[PDB]
Structure formats: structure tokens, C-alpha cells
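Q: Would you mind keeping the following structure in view while I ask a few things?
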Amino acid sequence: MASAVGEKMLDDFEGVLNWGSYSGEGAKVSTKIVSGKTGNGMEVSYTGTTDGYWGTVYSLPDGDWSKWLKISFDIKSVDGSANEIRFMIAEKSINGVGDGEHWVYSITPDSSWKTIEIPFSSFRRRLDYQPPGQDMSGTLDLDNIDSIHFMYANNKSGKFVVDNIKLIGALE
Ligand SMILES: [Ca+2]
Ligand SMILES: [Ca+2]
């Protein structure tokens with residue numbers, strides 16, 4: 001730890017890749033490390049179909065960040081396209097099986113680097129799909145997070161880079 005601003009880095013891609021990519025049923029993925037907005041970055045590549053799927057997954061060491069934190073990441077498009085993607089956040093189960101609640105938000109990139117900061121206040125529940133070992137609170141609980149997922153939100157192809165994935169929070 002360093003005795004400064006409440007900013008907490010999560011990932012910055014300066015070491016070996018540590019994310020869980022997947023696709024299927026006529027949809028496809030490809031993924032590797034690159035040069036990023038700072039030092040190294042990660043680049044992903046996707047191919048869609050109307051009923052197929054693609055995504056990639058991060059496993060947190062620490063999963064409470066309530067009272068005042070926001071998230072921030074840097075992103076840029078390497079197809080030039082403004083492809084529609086979504087985040088999904090899984091909450092902890094009160095039973096200790098699977099997940100407790102599923103929360104979503106859709107976003108779009110640009111052809112130059114963008115610093116996407118989100119206050120967590122923009123997310124909603126996944127409406128047709130939720131887990132059985134649930135909390136069902138209608139509150140996204142930054143006391144008790146389980147995992148985070150990047151996912152398809154469209155059926156076309158696309159390619160992009162990401163870096164600088166952190167929590168932010170100060171008086172400024
Ligand atoms: Ca970096
Ligand atoms: Ca909840």
C-alpha cells in the first residue's frame with residue numbers, strides 16, 4: 001500500500017494474462033496482451049451470431065467497496081466501430097451456493113482512448129434471469145461481490161483494447 005489518494009488499482013496488464021475468455025455455438029473469441037494506454041494493455045477479438053455468445057471474466061481478491069467508491073477503466077476500439085457490450089456483476093449468495101443477485105450495464109467504445117468512470121448507480125437487475133441461492137434485495141451490495149464479467153450485448157463482430165482498471169474516490 002502507498003499513503004495517498006483512495007484510488008485502488010485492480011488490473012493494468014503489466015504481467016501475464018489473468019482473465020477467463022469464452023464463446024460458443026457459432027460465436028467466437030480471440031484474446032492476448034498488447035501495448036496499452038500505460039505500458040501494457042489487453043486486446044480482445046469477437047465474432048457474433050443471433051443466438052451465440054462471447055465474454056471474459058475477472059476474479060477479485062477483495063469485494064467490498066461501498067460508502068463512496070466509483071469504478072474507472074480506459075478503453076479504445078481497434079475495429080474503429082462503436083460495438084455494444086455489457087458488464088455483468090455477480091453478488092454473493094446468502095446460502096453459499098452459486099451467486100446471490102445478477103446486475104447489468106451496457107456501454108460503447110470510440111476510435112481513440114476514453115476514461116469510462118461509472119458510480120455503480122447506473123446498473124439494473126437482469127430481468128428474465130436471476131440465481132436460486134438469492135438475496136433478491138434490489139440493491140447492488142458493494143459489501144459482498146462474487147465476480148465480474150464482460151459480455152456480448154449485440155450479434156455483430158468487433159475488436160477492442162482495455163487498460164487502467166481501478167476504483168476511484170476523493171474530495172477534488
Ligand atoms: Ca497498463
Ligand atoms: Ca443484493
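Here, A, B, ... name the chains of the C-alpha cells in the order displayed, residue numbers run from 1 inside each chain, and ligands are numbered from 1 in the same displayed order.
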Mind checking which residues fall within 6 Å of segment 100-113 of chain A, counting only C-alpha atoms, ignoring those fewer than 2 positions away in the same chain, and posting them as a PyMOL selection string?

A: chain A and resi 75-77+80+82-93+123-126+130+133-136

Q: Around ligand 1, at most 9 Å away and counting only C-alpha atoms and all ligand atoms, which residues are there? Put them as a PyMOL selection string, please.

A: chain A and resi 11-14+35-42+162-165

Q: Can you write out the residues you just picked, keeping N, CA and C atoms, as a PDB file, in the first residue's frame?

A:
ATOM      1  N   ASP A  11      -6.467  -4.089 -12.096  1.00  0.00           N
ATOM      2  CA  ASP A  11      -5.575  -4.615 -13.132  1.00  0.00           C
ATOM      3  C   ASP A  11      -5.073  -3.484 -14.058  1.00  0.00           C
ATOM      4  N   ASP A  12      -3.876  -3.657 -14.607  1.00  0.00           N
ATOM      5  CA  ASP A  12      -3.204  -2.720 -15.517  1.00  0.00           C
ATOM      6  C   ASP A  12      -2.402  -3.438 -16.632  1.00  0.00           C
ATOM      7  N   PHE A  13      -2.507  -4.773 -16.701  1.00  0.00           N
ATOM      8  CA  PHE A  13      -1.944  -5.679 -17.713  1.00  0.00           C
ATOM      9  C   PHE A  13      -0.413  -5.722 -17.850  1.00  0.00           C
ATOM     10  N   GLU A  14       0.339  -5.260 -16.848  1.00  0.00           N
ATOM     11  CA  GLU A  14       1.805  -5.234 -16.876  1.00  0.00           C
ATOM     12  C   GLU A  14       2.462  -6.623 -16.680  1.00  0.00           C
ATOM     13  N   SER A  35       0.622  -3.573 -26.098  1.00  0.00           N
ATOM     14  CA  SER A  35       0.884  -2.233 -25.568  1.00  0.00           C
ATOM     15  C   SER A  35      -0.437  -1.478 -25.316  1.00  0.00           C
ATOM     16  N   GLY A  36      -0.610  -0.911 -24.114  1.00  0.00           N
ATOM     17  CA  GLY A  36      -1.828  -0.193 -23.689  1.00  0.00           C
ATOM     18  C   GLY A  36      -1.639   1.313 -23.506  1.00  0.00           C
ATOM     19  N   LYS A  37      -2.629   1.977 -22.895  1.00  0.00           N
ATOM     20  CA  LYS A  37      -2.559   3.416 -22.567  1.00  0.00           C
ATOM     21  C   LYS A  37      -1.424   3.727 -21.584  1.00  0.00           C
ATOM     22  N   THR A  38      -1.017   2.737 -20.794  1.00  0.00           N
ATOM     23  CA  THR A  38       0.157   2.772 -19.914  1.00  0.00           C
ATOM     24  C   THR A  38       0.904   1.448 -20.065  1.00  0.00           C
ATOM     25  N   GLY A  39       2.157   1.436 -20.523  1.00  0.00           N
ATOM     26  CA  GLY A  39       2.960   0.207 -20.616  1.00  0.00           C
ATOM     27  C   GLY A  39       2.281  -0.891 -21.446  1.00  0.00           C
ATOM     28  N   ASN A  40       1.781  -1.948 -20.797  1.00  0.00           N
ATOM     29  CA  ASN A  40       0.936  -2.961 -21.433  1.00  0.00           C
ATOM     30  C   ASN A  40      -0.568  -2.771 -21.179  1.00  0.00           C
ATOM     31  N   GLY A  41      -1.339  -3.427 -22.038  1.00  0.00           N
ATOM     32  CA  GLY A  41      -2.798  -3.469 -22.118  1.00  0.00           C
ATOM     33  C   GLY A  41      -3.275  -4.873 -22.504  1.00  0.00           C
ATOM     34  N   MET A  42      -4.586  -5.085 -22.597  1.00  0.00           N
ATOM     35  CA  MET A  42      -5.166  -6.320 -23.148  1.00  0.00           C
ATOM     36  C   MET A  42      -6.046  -6.003 -24.357  1.00  0.00           C
ATOM     37  N   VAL A 162      -8.255  -2.529 -23.655  1.00  0.00           N
ATOM     38  CA  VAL A 162      -8.556  -2.020 -22.302  1.00  0.00           C
ATOM     39  C   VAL A 162      -7.287  -1.922 -21.430  1.00  0.00           C
ATOM     40  N   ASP A 163      -7.255  -0.964 -20.495  1.00  0.00           N
ATOM     41  CA  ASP A 163      -6.154  -0.721 -19.540  1.00  0.00           C
ATOM     42  C   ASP A 163      -6.658   0.063 -18.302  1.00  0.00           C
ATOM     43  N   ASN A 164      -5.794   0.325 -17.305  1.00  0.00           N
ATOM     44  CA  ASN A 164      -6.065   1.272 -16.207  1.00  0.00           C
ATOM     45  C   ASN A 164      -7.352   0.950 -15.403  1.00  0.00           C
ATOM     46  N   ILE A 165      -7.612  -0.329 -15.105  1.00  0.00           N
ATOM     47  CA  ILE A 165      -8.847  -0.794 -14.454  1.00  0.00           C
ATOM     48  C   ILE A 165      -8.713  -0.649 -12.931  1.00  0.00           C
TER      49      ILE A 165
END

Q: With only C-alpha atoms and all ligand atoms as the basis for distance, which of A:137, A:72, A:30, A:95 is at the shortest distance from ligand 2?

A: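 Using only C-alpha atoms and all ligand atoms, the shortest distance to ligand 2 belongs to A:137.
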
Q: Which residues are close to residue 168 of chain A, i.e. within 8 Å by only C-alpha atoms, leaving aside same-chain residues fewer than 4 positions away? Reply as a ChimeraX atom specification.

A: /A:6-8,69-72

Q: Can I get the selected residues back with N, CA and C atoms, as a tab-separated table (two decimals), in the first residue's frame?

A:
chain	number	residue	atom	x	y	z
A	6	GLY	N	-7.40	7.58	-2.12
A	6	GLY	CA	-8.17	6.33	-2.01
A	6	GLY	C	-8.38	5.50	-3.30
A	7	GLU	N	-7.76	5.89	-4.41
A	7	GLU	CA	-7.68	5.13	-5.66
A	7	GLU	C	-7.04	3.74	-5.42
A	8	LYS	N	-7.70	2.67	-5.87
A	8	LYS	CA	-7.24	1.27	-5.77
A	8	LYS	C	-7.22	0.62	-7.15
A	69	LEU	N	-16.83	4.82	-3.23
A	69	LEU	CA	-16.05	4.48	-4.43
A	69	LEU	C	-16.90	4.47	-5.72
A	70	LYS	N	-16.25	4.82	-6.84
A	70	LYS	CA	-16.68	4.57	-8.23
A	70	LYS	C	-15.67	3.63	-8.91
A	71	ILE	N	-15.99	3.07	-10.08
A	71	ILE	CA	-15.01	2.39	-10.95
A	71	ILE	C	-14.51	3.33	-12.06
A	72	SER	N	-13.32	3.07	-12.59
A	72	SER	CA	-12.76	3.70	-13.80
A	72	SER	C	-11.96	2.67	-14.60

Q: Using only C-alpha atoms, which residues sit within 9 Å of residue 44 of chain A once same-chain residues fewer than 2 positions away are excluded, as a ChimeraX atom specification?

A: /A:29-33,42,46,158-162

Q: For atom CA of residue 58 of chain A and atom CA of residue 18 of chain A, quote the distance in Å rounded to one decimal.

A: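 A separation of 7.4 Å between them.
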
Q: One decimal, in Å: what's the spacing between atom CA of residue 67 of chain A and atom CA of residue 9 of chain A?

A: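 These two atoms are separated by 17.6 Å.
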
Q: Determine, counting only C-alpha atoms, which protein, DNA and RNA residues have an atom within 6 Å of an atom of residue 23 of chain A; residues of the same chain fewer than 2 positions away are not included. Present the result as number ranges by chain.

A: A: 27-29, 53-54

Q: Write out as a PyMOL selection string all residues of segment 27-141 of chain A that DSSP puts in strand (DSSP E) for this structure's backbone.

A: chain A and resi 28-35+40-47+53-58+70-77+85-91+102-107+114-118+124-125

Q: As an exercise, work out the distance from atom CA of residue 98 of chain A to atom CA of residue 151 of chain A in Å and give it to one decimal place.

A: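 About the pair atom CA of residue 98 of chain A and atom CA of residue 151 of chain A: they are 18.6 Å apart.
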
Q: Considering only C-alpha atoms, state which residue in the set A:52, A:127, A:148, A:63 is at the smallest distance from residue 19 of chain A.

A: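 Among A:52, A:127, A:148, A:63, it is A:148 that comes nearest to residue 19 of chain A.
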
Q: Considering only C-alpha atoms and all ligand atoms, state which residue in the set A:26, A:138, A:96, A:15 is at the smallest distance from ligand 2.

A: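 Comparing A:26, A:138, A:96, A:15 against ligand 2, the winner is A:138.
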
Q: Given the choices A:144, A:45, A:66, A:21, which gets closest to ligand 2 if the distance is worked out from only C-alpha atoms and all ligand atoms?

A: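 Checking each candidate against ligand 2, we get A:144 as the closest.
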
Q: Go through A:49, A:147, A:122, A:139 one by one, measure the shortest atom-to-atom distance of each to ligand 2 using only C-alpha atoms and all ligand atoms, and give the residue with the smallest value.

A: A:139

Q: Hey, which of A:65, A:1, A:143, A:57 ends up closest to residue 17 of chain A? Count only C-alpha atoms.

A: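 Closest residue, counting only C-alpha atoms: A:57.
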